[PDB]
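The data below hold one chain only, encoded as C-alpha cells and taken in the form deposited in one PDB entry.
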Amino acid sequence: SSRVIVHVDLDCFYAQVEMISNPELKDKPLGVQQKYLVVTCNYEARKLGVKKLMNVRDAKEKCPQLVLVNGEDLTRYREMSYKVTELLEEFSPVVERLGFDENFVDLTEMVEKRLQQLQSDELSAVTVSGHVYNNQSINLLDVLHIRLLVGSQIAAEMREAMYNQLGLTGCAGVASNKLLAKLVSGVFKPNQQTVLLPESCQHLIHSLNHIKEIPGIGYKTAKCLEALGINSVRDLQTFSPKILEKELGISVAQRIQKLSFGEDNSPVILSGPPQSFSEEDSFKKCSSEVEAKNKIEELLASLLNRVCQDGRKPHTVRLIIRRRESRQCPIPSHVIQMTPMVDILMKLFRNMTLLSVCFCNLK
C-alpha cells in the first residue's frame, strides 16, 4: 500500500518554451506578457526584481531592462506540454497531468521491475539522485527507503530525457503520494529534484506558511477555515473533526483535514486526451453591447483552428461570461462532421468583462 510517485514540474514554463522558440532569449531577463501583467519570467528576470503576476508597470520599474514576449496565445506552450506527458508515458502508461507545467507518474510497477533486475551489488549501489529533503540520512535497510531511491533515479532519467529530448529543465519530487511529492518537488527551486523519505513528512507540511499552500485547500476553503480560527497547518490537523464536518461538509472536511497530515489517497489519473478546448477574452467592461458578437466570432476562429486536431470532435458547446454564468447545449449533429455556430453562441448569450467559448463532450 506504500507507493512511489514522482512529480515533474517545468521551470518558468511559458518562458522556457520561449528560450527554445527563440535561442536569442538565452541569458536575457525574459518575461511573458498577458494583458498588462507578467504571467511568468525566466530566472534572469526573477533576480532583477520582476515577480510573477506583478503588474507590468513595476515589472518595468524594478527592471526597466526586462525583455517581454506575448502570452495571450497558448499554442506553443500547450504543444510543448503534451510532448512532456507523452515522454513520461514512455516510462509508464499512467501519467496524470496538472495544468500545463506539472505531471505525476506512478512508478510502483517500474520500481518493482527495477528491483528485480538487481543482483546484490546493484542493490548496494542504490543511491539518491538529487537532494534528500530535510537532509535526512537513508537507512538502506528500510525497503520504503530503498524504493524511494530507485524512484529518484527514475526521476533523473525523466528530467534528463526531457532535456536531451525536449530541451526542458524542470524539478522533480518523489514521495509516497501525490501530495508530498508535489510539495517536495519545489524545495530546491532551480531545475533540481528532491525526494521525501517517510520520516521527513511532518517537516514538509509544517514548513507551510498558510493552509492555502496545501494542494487542494483553495480560496473558498481558506475563507471558511480562517473564520474558525484555523490559520496554521497544525490548527487544521488538531481542529475538531466533527466541527470541520459541519461547517465545510462531509466531502471537503474528510478530504482537506486528511491532507493537512500529509495523506492523499487518490490514484494517478491517466489524463489521456483532454476533456475540453476553450478560450477567453478579458476586457475592461468594454463589451457593453451586442458587440459581444465580435469576441464570440474571434474566439471561435482559433477554437476551430483547434477542435479539428487530435482526431476527435465536440458534441456540446458552452459560452461562459462574467457580465460566472454558462449556457451550453449540444451542437446540432450536422455541424459536427463557423457562422451558423456563431448564432448558436448568441442564443446562449441572449439567454443571459469576460466572454469565453468552450467545446467539450468530445467523441
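By rigid core we mean the largest C-alpha set that fits within 1.5 Å across both forms. Residues that one form lacks are left out of the comparison. Quick note: we count residues from 1 along the sequence shown, nothing fancier.
- Going from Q337 to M338, you skip over 4 to 9 residues of the deposited sequence that the entry leaves unmodelled.
- Going from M352 to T353, you skip over 4 to 9 residues of the deposited sequence that the entry leaves unmodelled.
- Higher average CA B factor: 68-76, of the stretches 96-104 and 68-76.
- Between the stretches 86-94 and 141-149, it is 141-149 that shows the larger average CA temperature factor.
- The entry assigns its greatest Cα B factor, within the set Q117, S251, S129, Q202, to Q117.
- The maximum CA B-factor among the listed residues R324, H315, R327, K52, taken from the PDB record, is found at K52.
- Sort the chain's modelled residues by C-alpha temperature factor and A292 lands in the highest third, per the entry.
- Per-chain ranking of the deposited C-alpha B factor places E247 in the middle third.
- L362: CA B factor in the middle third of modelled residues in this chain (values from the PDB entry).
- The entry lists a Cα temperature factor for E279 that places it in the middle third of the chain's modelled residues.
- When all modelled residues of the chain are sorted by CA temperature factor, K189 is found within the middle third.
Same protein, other form: the form deposited in another entry, not shown, and the subject of what follows.
- The residue that stands out in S288, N191, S266, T127 is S288, the single one whose Cα moves by 2 angstroms or more between this form and the one not shown on a rigid core fit.
- 120-122, 288-292 are the runs of three or more consecutive shared residues whose C-alphas all shift by 2 Å or more between this form and the one not shown after the rigid core is superposed.
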